[PDB]
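Asker: All I have is the shape, not the residue letters:
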């Protein structure tokens, strides 16, 4: 290739961006029930599980694993 | 004007983004290749911060 | 595409953005229904923890 | 011969490495799990690199 | 006493020790005196890929 | 000093121990609270894969 | 199991790993043509094993 | 009477499972252990559904 960047570099950059993506999704989860002055988890759990699933895919199975 | 509890949720949301950026940093180690110890140093420091955030900090 | 120097420079650049985000958090410690002193103590706690991280980053870390 | 004694020492080192890797598999049996796993991975790879690269049996 | 996940972690620990023993065998090739080494390498890798990729403990 | 025949006998002895270890793993399937069919599915898979290895070791491998 | 139990089990396994490494060391210079070079090998093994053992019991996840 | 009808259905399910198991037993007769394991897995899946999630569980 006549490209400056290597495949290893491109994948590292992608993995770096994936951490930011995951940070954003986890940020979302933190607002569950922020409208509720009271205490209590089912909504939170749904997010936890979907994020874990994406995170397992990213680092286990994806093109950047 | 927000309640403290609302402000803390916002702060926690933002803390996830801060953690994301640190974790992004870590992924760049050796991209151009201490190799694995460099990465381990970041793991250990990010974990210490995450542990503080969710366990000891004002937003725990 | 990157030397190690360049990659480290890029990591240092990202570290400033991470620090910005943590300092942004510290600016939201005030609230309606909490005491000013309690919120002020939060600010002090954040400040000390951010300074500890900055000191590590620029002093002791792999990117110092 | 020193060579045959060295092969035997290398065979033994593989078994020591197996026992260390066995310890790694028990992490989290009961994030920190991933920190622990990474630390064992690295210590083990460091020992392997020493055994086969630097040690008297390299 | 054990959950299935704990039992599987124990089995994975044990599989590292079995791999260690096979790798130990490989190290004795030519100890008395290379395609032979390659045969072991390839067959160990096949087993290791199965264990961690496809087996009941993967 | 060591002959090739002796080296091969040593490798064969070690192979028996490796097989013993994989057979020991097989025995733990369903050790926990488990349904007889889950157990038996796992046991079959271990049995067949161990048998395949044994066949290779004693029939096709450098130590056969 | 508890984390304490799992850690105990890992420490017990570490002792066996250390035993196997130390066993290796005993075979250096087994030949009757052994000299200062063989003793140096022994020391090189001793030092590496001590580094690992100090890590295990001082700094590791199982310390 | 629904209970009786379900009992008869469960009785028949055992015969259906037996016939599938009968099929599995012919694998490799003419001599691939993966073929047998595929059958094991698919029979288990069905048996688990029958006694665990199905209308006759």
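Answerer: Cool, the structure landed. Residues are numbered from 1 along each chain as shown, chains lettered A, B, ... in the order given.

Asker: Around chain C, pick out the residues from chain A.
Answerer: A:3, A:4, A:5, A:6, A:9 (C-beta under 8 Å from any C-beta of the partner chain). C-beta here means a position set from N, CA and C on the backbone, and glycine is covered the same way.

Asker: Do a quick rundown of the helices in chain A.
Answerer: For chain A, the helices identified by DSSP state H occupy A:7-30, A:42-60, in order along the chain.

Asker: Between helix A:7-30 and the last one, find me the angle.
Answerer: When you say that, I think you mean helix A:42-60. Between helix A:42-60 and helix A:7-30, the angle formed by their directions is 170 degrees, by axes from the mean of the first three to the mean of the last three C-alpha atoms, to 10 degrees.

Asker: tell me which strands and helices helix A:42-60 is in contact with?
Answerer: Packing contacts for helix A:42-60, counted by 3 or more C-beta pairs under 8 Å, 6 or more residues apart in numbering or on different chains; DSSP states H and E, involve helix A:7-30.

Asker: if you look at the helix it packs on, does any of it touch chain B?
Answerer: Yes. Figure legend: helix A:7-30 in contact with chain B (C-beta under 8 Å from any C-beta); contacting residues A:8-9, A:12-13, A:15-24, A:26-30.

Asker: ok, now which ones touch whichever residue of chain A sits closest to chain B?
Answerer: When distances are taken as C-beta to the nearest C-beta, chain A approaches chain B most closely through residue A:23, which lies 1.9 Å from it. Neighbour list for residue A:23: B:16, B:17, B:18, B:19, B:20, B:21, B:23, B:24 [criterion: C-beta atoms under 8 Å, 6 or more residues apart in numbering or on different chains].

Asker: at 10 Å instead, please
Answerer: With contacts defined as C-beta atoms under 10 Å, 6 or more residues apart in numbering or on different chains, the neighbours of residue A:23 are B:13-24, C:21.

Asker: Give me the spatial nearest neighbour of it, chain neighbours excluded.
Answerer: Spatial nearest neighbour of residue A:23, excluding adjacent residues (C-beta to C-beta, 6 or more residues apart in numbering or on different chains): residue B:20 at 1.9 Å.

Asker: residue closest to the middle of chain A?
Answerer: With the centre of chain A defined as its mean C-alpha position, the nearest residue by C-alpha atoms, centre = their mean is residue A:22, 2.0 Å away.

Asker: For that residue, which residues are in contact?
Answerer: The contact partners of residue A:22, taken as C-beta under 10 Å, 6+ apart, are A:51, A:54, A:55, A:58, A:59, B:16, B:19, B:20, B:23, B:24.

Asker: Surely the first one is in contact with residue A:30?
Answerer: No. Proximity of residue A:51 to residue A:30 does not meet the contact threshold set by C-beta atoms under 10 Å, at 11.4 Å.

Asker: Between those two, which is the more surrounded one?
Answerer: Higher neighbour count among residue A:51 and residue A:30: residue A:30, with 21 against 15, using other C-beta atoms under 10 Å in any protein chain shown.

Asker: pretty sure residue A:15 is touching residue A:55, no?
Answerer: No. If you go by C-beta under 10 Å, residue A:15 and residue A:55 don't touch, sitting 11.9 Å apart.

Asker: which of the two has more neighbours?
Answerer: Looking at residue A:15 and residue A:55 with other C-beta under 10 Å, you find the greater number of neighbours at residue A:15, namely 20 against 16.

Asker: buried residues in stretch A:10-22?
Answerer: The neighbour-count check on stretch A:10-22 (16 or more other C-beta atoms under 10 Å in any protein chain shown) flags A:12, A:13, A:15, A:16, A:18, A:19, A:22 as buried.

Asker: now do stretch A:43-50
Answerer: By neighbour count, and taking 16+ other C-beta under 10 Å as the criterion, the buried residues in stretch A:43-50 are residue A:47.

Asker: what's in contact with that stretch?
Answerer: Here stretch A:43-50 has contacts from A:25, A:26, A:28, A:29, A:30, A:31, A:32, A:33, A:41, using C-beta under 10 Å, 6+ apart.

Asker: what about the third one, distance to chain E?
Answerer: So the one you mean is residue A:28. Using C-beta to the nearest C-beta, to the nearest Å, residue A:28 is found at 29 Å from chain E.

Asker: List the residues that contact that residue.
Answerer: Contact analysis of residue A:28 by C-beta under 10 Å, 6+ apart lists A:47, A:51, B:13, B:16.

Asker: now the last one
Answerer: Shown here is residue A:41, whose contacts under the criterion C-beta under 10 Å, 6+ apart are A:32, A:33, A:48.

Asker: Around the first one, count how many other residues there are.
Answerer: The local packing of residue A:32 (other C-beta under 10 Å) involves 18 other residues.

Asker: which ones are touching it?
Answerer: Counting by C-beta under 10 Å, 6+ apart, residue A:32 makes contact with A:40, A:41, A:42, A:43, A:44, A:45, A:46, A:47, A:48, B:9.

Asker: Centre of the chain to stretch A:57-65, how far?
Answerer: With C-alpha atoms, centre = their mean, to the nearest Å as the basis, the distance from the averaged C-alpha position of stretch A:57-65 to the chain average is 12 Å.

Asker: buried ones in it?
Answerer: So, applying 16+ other C-beta under 10 Å, buried residues of stretch A:57-65: A:58, A:64.

Asker: Identify the residues contacting it?
Answerer: Residues outside stretch A:57-65 that contact it (C-beta under 10 Å, 6+ apart) are A:10-19, A:21-22, A:54, A:56, B:27, D:34.

Asker: Just the closest of those to chain E, please.
Answerer: Ranking the contacts of stretch A:57-65 by separation from chain E, with C-beta to the nearest C-beta as the measure, puts residue A:56 on top at 13.8 Å.

Asker: Could you count how many residues lie near the closest one?
Answerer: The burial count assigned to residue A:56 is 12, neighbours taken as other C-beta under 10 Å.

Asker: Distance check, it against chain H.
Answerer: According to C-beta to the nearest C-beta, residue A:56 stands 23 Å off from chain H.

Asker: what do you get for residue A:43?
Answerer: As for residue A:43, its distance to chain H is 27 Å (criterion: C-beta to the nearest C-beta).

Asker: go on, residue A:44?
Answerer: Distance, residue A:44 to chain H, by C-beta to the nearest C-beta: 28 Å.

Asker: what do you get for residue A:46?
Answerer: According to C-beta to the nearest C-beta, residue A:46 stands 23 Å off from chain H.

Asker: same thing with residue A:18?
Answerer: When C-beta to the nearest C-beta is applied, the distance between residue A:18 and chain H equals 33 Å.

Asker: and if you look at residue A:15?
Answerer: 35 Å.

Asker: cool, and residue A:41?
Answerer: 26 Å.

Asker: again, but for residue A:57
Answerer: The span separating residue A:57 from chain H equals 24 Å under the rule C-beta to the nearest C-beta.

Asker: All set, thanks.
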